[PDB]
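Following: one structure in structure tokens, then a few remarks.
Protein chains: 2
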Amino acid sequence: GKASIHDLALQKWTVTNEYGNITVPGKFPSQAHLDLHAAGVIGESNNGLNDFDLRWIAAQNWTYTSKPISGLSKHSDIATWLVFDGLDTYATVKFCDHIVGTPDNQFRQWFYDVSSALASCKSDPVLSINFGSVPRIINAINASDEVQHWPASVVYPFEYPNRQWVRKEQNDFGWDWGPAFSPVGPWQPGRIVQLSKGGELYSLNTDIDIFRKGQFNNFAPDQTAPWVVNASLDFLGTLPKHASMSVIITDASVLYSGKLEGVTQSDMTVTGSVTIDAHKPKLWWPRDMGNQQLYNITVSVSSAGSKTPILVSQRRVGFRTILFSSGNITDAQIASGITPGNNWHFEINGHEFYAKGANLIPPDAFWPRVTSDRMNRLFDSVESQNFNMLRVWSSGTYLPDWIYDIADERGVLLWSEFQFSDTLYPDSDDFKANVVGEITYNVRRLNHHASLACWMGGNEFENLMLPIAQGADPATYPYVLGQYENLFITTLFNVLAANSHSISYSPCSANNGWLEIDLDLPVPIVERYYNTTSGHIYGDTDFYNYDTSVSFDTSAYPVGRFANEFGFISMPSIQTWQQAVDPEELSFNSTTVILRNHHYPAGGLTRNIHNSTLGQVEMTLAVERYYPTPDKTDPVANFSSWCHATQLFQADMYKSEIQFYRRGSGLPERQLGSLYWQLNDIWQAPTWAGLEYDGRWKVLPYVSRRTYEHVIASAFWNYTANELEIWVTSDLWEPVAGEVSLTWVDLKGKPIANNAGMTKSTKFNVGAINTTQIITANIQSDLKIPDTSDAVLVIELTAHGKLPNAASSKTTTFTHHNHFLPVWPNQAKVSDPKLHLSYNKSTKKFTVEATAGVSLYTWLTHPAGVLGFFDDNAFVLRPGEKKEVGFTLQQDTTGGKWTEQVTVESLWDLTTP
Amino acid sequence: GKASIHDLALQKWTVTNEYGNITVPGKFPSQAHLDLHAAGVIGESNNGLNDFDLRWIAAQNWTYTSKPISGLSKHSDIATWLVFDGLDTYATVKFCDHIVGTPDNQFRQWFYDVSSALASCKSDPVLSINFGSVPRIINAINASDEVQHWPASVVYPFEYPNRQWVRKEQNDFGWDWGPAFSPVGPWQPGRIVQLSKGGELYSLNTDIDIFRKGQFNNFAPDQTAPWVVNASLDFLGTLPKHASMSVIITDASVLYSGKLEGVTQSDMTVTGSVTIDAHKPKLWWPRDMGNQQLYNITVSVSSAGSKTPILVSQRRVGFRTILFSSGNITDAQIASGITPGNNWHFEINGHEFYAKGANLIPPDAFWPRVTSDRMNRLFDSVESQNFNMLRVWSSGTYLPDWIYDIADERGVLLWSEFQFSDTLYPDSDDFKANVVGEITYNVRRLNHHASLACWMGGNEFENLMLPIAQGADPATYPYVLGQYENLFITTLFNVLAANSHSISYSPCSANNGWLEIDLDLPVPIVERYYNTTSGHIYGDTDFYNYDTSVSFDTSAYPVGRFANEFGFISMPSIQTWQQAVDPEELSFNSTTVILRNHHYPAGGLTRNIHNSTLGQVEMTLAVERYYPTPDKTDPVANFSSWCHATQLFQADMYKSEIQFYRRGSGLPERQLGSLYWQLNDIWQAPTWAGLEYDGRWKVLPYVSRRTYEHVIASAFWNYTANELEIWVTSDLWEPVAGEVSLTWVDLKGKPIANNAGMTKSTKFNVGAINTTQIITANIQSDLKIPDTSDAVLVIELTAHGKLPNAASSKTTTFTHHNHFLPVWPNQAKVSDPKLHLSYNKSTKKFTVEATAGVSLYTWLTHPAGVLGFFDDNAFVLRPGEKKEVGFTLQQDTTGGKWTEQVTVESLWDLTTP
Ligand SMILES: *[C@@H]1O[C@H](CO)[C@@H](O[C@@H]2O[C@H](CO)[C@@H](O[C@@H]3O[C@H](CO[C@H]4O[C@H](CO[C@H]5O[C@H](CO)[C@@H](O)[C@H](O)[C@@H]5O[C@H]5O[C@H](CO)[C@@H](O)[C@H](O)[C@@H]5O)[C@@H](O)[C@H](O[C@H]5O[C@H](CO)[C@@H](O)[C@H](O)[C@@H]5O[C@H]5O[C@H](CO)[C@@H](O)[C@H](O)[C@@H]5O)[C@@H]4O)[C@@H](O)[C@H](O[C@H]4O[C@H](CO)[C@@H](O)[C@H](O)[C@@H]4O[C@H]4O[C@H](CO)[C@@H](O)[C@H](O)[C@@H]4O[C@H]4O[C@H](CO)[C@@H](O)[C@H](O)[C@@H]4O)[C@@H]3O)[C@H](O)[C@H]2NC(C)=O)[C@H](O)[C@H]1NC(C)=O
Ligand SMILES: *[C@@H]1O[C@H](CO)[C@@H](O[C@@H]2O[C@H](CO)[C@@H](O[C@@H]3O[C@H](CO[C@H]4O[C@H](CO[C@H]5O[C@H](CO)[C@@H](O)[C@H](O)[C@@H]5O[C@H]5O[C@H](CO)[C@@H](O)[C@H](O)[C@@H]5O)[C@@H](O)[C@H](O)[C@@H]4O)[C@@H](O)[C@H](O[C@H]4O[C@H](CO)[C@@H](O)[C@H](O)[C@@H]4O[C@H]4O[C@H](CO)[C@@H](O)[C@H](O)[C@@H]4O)[C@@H]3O)[C@H](O)[C@H]2NC(C)=O)[C@H](O)[C@H]1NC(C)=O
Ligand code: NA
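Protein sequence lines, in the order shown, are assigned to chains A and A'. A prime marks a further copy of an entry chain. Under PDB author numbering, residues 26 to 277, 282 to 942 are what the first sequence spells out, in order. Under PDB author numbering, residues 26 to 277, 282 to 942 are what the second sequence spells out, in order.
Here it is in structure tokens:
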């Protein structure tokens, strides 16, 4: 009596529009833009001005229709279900011409009993799914005077208005780094399940919660306590009374084989738990903190009398604790010298760590075409930059299991969020009920992933949208604050706590922490909000100061506990532009390039050249103020070269912020995180990304890689006081010692006399997760530099130590390269360094040599036909010094000839015709 | 009392669509596609699948509206005219809200008296021109059962149907090498003319006819007779009775200053003539036949009593006779050994010459954007290929004066045609009246150009469309034949003869000649048609055999008097593709590349993949049968390389035809012309062009240049009999002597023993415009080639002689390079020739060297940022031999760095991964 399953992917689909005049072959899973492009009705959606030209698609219905489905049993002993892991979004499902369901949530698994439709069916049943125009439906919802309305500043759009009314990925209606395609379709897998009486059940969803005994959300657990493994299984259809549960936990070697205890059951769910000795399971750690130990847990449900299980579920899991700590700074912390206020940090298995990484946005406007290969390449680039965390930004979406799997096994912590973002939302009973379906399904679905690090209720509420709402409508503000608490704390925190003991919570991405957490309270998390004291420090920080005159001025950076967002936009490579835009449109300010800059966004549906131009201007001023301004005679080389200068400014600014945040680990703030805005791009356009749509590295990720190294030497320049400081900062969990060499040369590479009055070398000791000051110098009073525009300081650090939980006693050697230029890059008197470049096919290394003088911001550019990244880039090179640079080849289309097309350049080349 | 003129270009224009929802800035002259693209409403019309996607434009009206026009006098002593040199096509002209005209001919100058509209105007007048949707209007015309209809095979479309009903450039509705944009707008210049009573007149158009006294159309004039200069001037408005005319003719040094005699006048025209001694004017000749002597003739019209002229007109003219000879082969010609029948050749100033060139199609789908620079570059490429003639193909259009000017001064003969093409046409009274406006205006306008070489009534009537009509509807055929004669002979020949004594005529582009020409006959040209005799030869030839198994088989080529059309399609360069199509679409058979191949055309409005694919297949089979078939690992290099093989096949086939046509000059046919199909491209697509849209040379023009040299040595291979013949052919007007070296080597460059049994060198004598056989050899019986797949024969000719009408006694040296391969290129055992390439900035030469062996089809490719052509390309190179190759730089965008981006390759490179 096994469950009979027809995968909807193997069925045959046709897609039709609303007006009866467009019919093309369909795919499942897909969305209509993708099936239209596949048939040649449209060009690649990311191209040209398609954000405008393709709006006829979002404005109408699309229907996915199967051919008659064969092979279903028509015996009435049998229950026939439709199971949909994702439908995007408002849809009308029909089976043999009967409306069987009307789904309205992208983020929910839907299931419908079609037994009776099948029975009435005079031939093989056709399944059809009629997907609405989302703008039209949300416009119709909003137009009613019977629903909630908010001030214009609170619901101000990017492109389409009214997004707060639909449980759909919010960026689908446009964002300040992406287009507004509002795609629809069967966006995740789906199938038909036929279940026979007294037979096998079907598994819908499985919540595995591995926690320390006594553990609660948001509180540090007892690391000496036994593990509790709790398993709760959702299913279709009939589980008999007095059901029993057993589990086998094996190395992903049996850890445990046993029965579960305290079994409970209801109509569609069965739950049990088991306790395991603290000494048995090996711990999961993030990358560079130990092993990524995982286990397979298979859970079987049997029924009194039955020889064999009728429900079996398997997940891959880890044994670890991950705490997000946002409560008060303790007396103990205060006496240690930490500024009072509220924490904002993470702990893994009881250990504090410095978080290093970025914000992950959706890699594509069409989730169905996002591949395993594409996401594996992206994770390679994340590891290589020395990340241990991504913030999975809201709102794109809840990531599919397969993406958390990648994180799990590589050791990247995923700070996760519910899909609510940069606006205020409804809190009627029906909207909430829909949200609760969503929060309950996804919290349960995702809970077993070792990479999952926290849940936050949504993006930018207490730090941005709530105070906008207070300002915009003071009289109604306490009402909208109550809805916030009611939805994001009372409903949502209770839902998470009901389904997880292991994952901590915050009602939004940035806030001043909590005063109390207690489920006995009507609002179980009592937020601090603005109940603050002068001198105290709370919360994580943002930094988006676009005034280019203070960009490198550390007195303008925020003093906080964790930096979860910060950035400036930059152009992508010309090779990236070349993917999406016409050759004649390749200039800094062409109409198409400007219209693709959504910084700043249109605020609606117009072609807003003015707002886009504001971003164009920010980049232009940044370059003009700090970097040589290209003036290349070939207009193509001029565009390419201007694109690269914008990237240099972004890299250097992020470096400047990251080293300041990291040093803060050892100052009274005790800063413990850096997540730059933003890791990646959704299309080809000027943004905050470090990784372009296809994966190509900007200058940023090469610089952040170095600046995210375990042990770094960092140069801090107070340019008003003309004072230089060099600090050494380490994220290791034990003290380390080492040395930094400090070599002053002119831009031809000749040493400056007496090393400009500075020591050639100095030793250091630095505490665990801490910093130490090793040099201070007034450039005019204490150093003797004959010409500051003909000077560079080359900094090399070496240190010895162990990574956390290292097995081997053999100590690792840590090295960091850096430089300090006592003027702005545009003031440096660089000359042609006469770079030589060659490739060695045996060693697979490029050799780069400066022959005539010092090269600044040396830069290798791989060609179009290849994907990957170099082991270093944007570096200082002195003549005679030979540098070897390898490349991680992820994909090659050039049959190996790409090595001959690689080029090298430096700052000098920005200045030539 | 001077004429007051407002140029409509300096007025301010707005363009609006039919439905009130599109408004953009306008230009005059322009067309709506161009003004829409300029405003960013659409992308470049030539891009992607815009032939489909842009059809919403042709389907509706576009209105060009001025701002209120200032500065017109409102005195009723004054006549105010609108003068339009071209409006495309059906339009409604309004002036101060009054319909003043409804033009319906692209090819006519329209003028309208708006004096009364101006007088009623309560403020400054607005001029508006509402342009129709042409498809809609011709569909409406055709739908009426009151108009003529033809069999489907006769009016079979390319894309839009019904084109026979509109006097508009026929290719605007699509052709088998171009798109169907059906553009509309003020496509040529226009202005407002205010004329005061008793003042200056305004010149509309001026017919200058310089002929030999007694000369008539189509008959060889007397070269010893005096020149008659006839000047007929069209004007607005009032010329008083008893007007007089004088002329000054000056070097373009007075040739003549005098009065005109036999003056006649009517309402809008004044005419007079003057006779000049045969000894006074220096003659105009085509390029490489003498000087391009031109003169300025200024004609003034004065009135009894008036001190100064009231009408002045200036044209640039030449003194020469050009005969198109299509009458019977004379007894004299027969006794000389020429096959009987009818001639088809040209004579310049009484001398026969061999015509060499190609068919010129419109360079752009939008005539307004065609520039002087663009057409100058095209004429450079024409001269460089050794052309002396272009056939200005119908139907595109009647060329503007400025293009004939370029031809005039460079010496390129322009065989010109009336705009009727590849279908049969109406012959109602209104249609004819419209045509007569057209033929009369353009014949008069163009007559003074020395480059003008003939008028033919239209393309493909008697050789194609008439026999299709006889086959398709035998009963109605005599009726449609009568309309043909009535329109294209009775009406049109009379109209030309009324306005020109100097320019010969043919009722269509290809026919068997005439039996009689006599204006006393009801049909003044009595066509031979099919009144033929076995063994006799008539007419010019076409050749479009697409069966690749006979392409190089000279027994399949047509034996005629002149070859006016012949070809095979080939892909353009990848750099050309890259202009118009997405990167992902760059493969031989992508959907976009296939859809842009209009060989074969859709036959209507569908996306006809099947018909397009037939052309794709022709090119594929051609390559597979004869040339190495690329299999490059990089898909981009694979596409590029497949594009180049198609070009090699086209070049070699044209060479094979041209040398066969030219040799025919000395055989009983006495062949006297080669015009290959086609010179140039209207957009980026696989076609018969030798010059791609932007001007880039295919392989074809490099090969035809050599094959159009004055003196050539040509290899004829009968591959069934395995016989080689080498002939020397000369187009000079006097005998020449010289020598040809014949060097047999293997593909490493080592001589074959005893030169394979062939003489190393041989002398020749060749008659004026004639040929001589210098070698015959059976490859197996008479030669000793150890391995025919490891053999090449390198042929170099040198000769001494004079070009026609050369002043200097110093004789010119003529050299021609060629080769013979005794197997097909795909059978040749080529090895890596190890080519070296360098550039010398002082000499501006590239040096090309084969280091390791013989290189076949050596090929330099200039990069994207530069326009021009090399002085040689696609050549055989033997090792040690150094070849220098210069480049005519027409435009550079790369600031001189393009020389470093030039690459070289050979046949060998098609075969590598
Ligand atoms: C392992 O794990 C698990 C998980 O997995 C766990 O379990 C858990 O637990 C928790 C705790 O307790 C809980 O929670 C809770 O909940 C509730 C509700 O409930 C309900 O619902 C639910 C849900 O459902 C859903 O889902 C599911 C799953 O999947 C399924 O099954 C179903 O079907 C459904 O589904 C649906 O829906 C959804 C949405 O929702 C969607 O998604 C889907 O699709 C569909 O549609 C459930 O679950 C439940 O259940 C249960 O119950 C029943 C009876 O009733 C049974 O039958 C069953 O079997 C079960 O049982 C279990 O549980 C229970 C409890 O509940 C117990 O008793 C038993 O024993 C067993 O175990 C139902 O149906 C809610 O309501 C709650 O809340 C409350 O509480 C809290 C604490 O806890 C607090 O805080 C809050 O606030 C509240 O309270 C309040 O109210 C109340 C009344 O209502 C009262 O009493 C109190 O007092 C209070 O009040 C107060 O205060 C206020 C203010 O503050 C004032 O005003 C007033 O006046 C006063 O004063 C909670 O949350 C859950 O539920 C569970 N789950 C399960 C599955 O089971 C376990 O535990 C673990 N283990 C270890 C060892 O650890
Ligand atoms: C384009 O796509 C869209 C989306 O797919 C299509 O719109 C959808 O059309 C279907 C079929 O008509 C509807 O389902 C049927 O609903 C009726 C009830 O009708 C009322 O309810 C609707 C309310 O819609 C909501 O959205 C509106 C905006 O459009 C908004 O203004 C309104 O306030 C509602 O919004 C609230 O609720 C939303 C959740 O629904 C929520 O997200 C919002 O936030 C908000 O809170 C109105 O459109 C309509 O005018 C009426 O007011 C119902 O009677 C039908 O019931 C049948 O099916 C169910 C199972 O689903 C079954 O239990 C019943 O017994 C019954 O079955 C029997 O009848 C069938 C035939 O009717 C028969 O086939 C069957 O065999 C049985 O015999 C059904 O549920 C969707 O509600 C609607 N969705 C929308 C609007 O979002 C649209 O038609 C497409 N257009 C084209 C041209 O193709
Ligand atoms: Na209010």
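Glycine included, each C-beta is placed from N, C-alpha and C at the ideal position.
1. Report whether the distance from the Cβ of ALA63 of chain A to the nearest heavy atom of ligand 3 is below 7 Å.
2. Would you check if the region 417-424 of chain A and the region 434-445 of chain A touch, i.e. whether three or more CB-CB distances between them fall below 8 Å?
3. Helix, strand or coil for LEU939 of chain A', going by three-state DSSP, please let me know.
4. Mind listing which residues of the region 62-77 of chain A have their C-beta closer than 8 Å to chain A''s C-betas, in chain order?
5. Should the region 235-242 of chain A' be regarded as contacting the region 199-213 of chain A', the criterion being three or more beta carbon pairs within less than 8 Å?
6. Could you tell me whether any non-hydrogen atom of ligand 1 is closer than 7 Å to the CB of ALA527 of chain A?
7. Looking at the structure shown, is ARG316 of chain A' part of a helix, part of a strand, or coil, going by DSSP?
8. At a Cβ cut of 8 Å, what residues of the region 595-611 of chain A' count as close to chain A, listed as they run along the chain?
9. Give me, in chain order, the residues of the same chain whose beta-carbon lies closer than 7 Å to that of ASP276 of chain A; leave out the 5 immediate sequence neighbours on both sides.
10. Is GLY702 of chain A helix, strand or coil by DSSP?
11. Helix or strand or just coil, what does DSSP make of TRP606 of chain A'?
12. Does the distance from the CB of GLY767 of chain A to the CB of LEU822 of chain A come in under 8 Å?
13. Go ahead and label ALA168 of chain A' buried or exposed: buried means 16 or more other beta carbons lie within 10 angstroms of its beta carbon, across all protein chains shown.
14. Give, in chain order, every residue of the region 176-190 of chain A' whose Cβ lies closer than 8 Å to some Cβ of chain A.
15. Quick one: is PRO730 of chain A' near chain A, going by C-beta distance under 8 Å?
16. Within a Cβ cutoff of 8 Å, which residues of the same chain sit near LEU643 of chain A', ignoring the five residues on either side of it in sequence?
17. Alpha carbon to alpha carbon, how far is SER302 of chain A from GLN240 of chain A?
18. How about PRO942 of chain A: is its C-beta nearer than 8 Å to some C-beta of chain A'?
19. Name the DSSP bridge partner or partners of residue 281 of chain A?
20. In or out: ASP259 of chain A' buried (at least 16 other Cβ within 10 Å) or exposed?
21. Give the C-beta separation of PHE875 of chain A and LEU889 of chain A to the nearest angstrom, bearing in mind that I take them to be a contact with Cβ-Cβ under 8 Å.
22. DSSP state of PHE109 of chain A, grouped into three classes?
Quick answer:
1. No, Cβ of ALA63 of chain A sits at least 7 Å from all heavy atoms of ligand 3.
2. yes
3. helix
4. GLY65, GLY68, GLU69, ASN72, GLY73 and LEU74
5. no
6. Between ligand 1 and the CB of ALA527 of chain A, the shortest heavy atom gap is smaller than 7 Å.
7. coil
8. If the cut-off is 8 Å between Cβ atoms, the region 595-611 of chain A' has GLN607, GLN608 and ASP611 near chain A.
9. Excluding positions up to five away in sequence, the list reads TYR324.
10. Secondary structure of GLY702 of chain A (DSSP, three-state): strand.
11. helix
12. no
13. exposed
14. none
15. no
16. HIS628 and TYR629
17. 15 Å
18. Closer than 8 Å to some Cβ of chain A', the Cβ of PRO942 of chain A qualifies, so yes.
19. Examination of chain A shows a numbering gap from 277 to 282; residue 281 of chain A is inside it and therefore has no coordinates.
20. buried
21. 7 Å
22. strand
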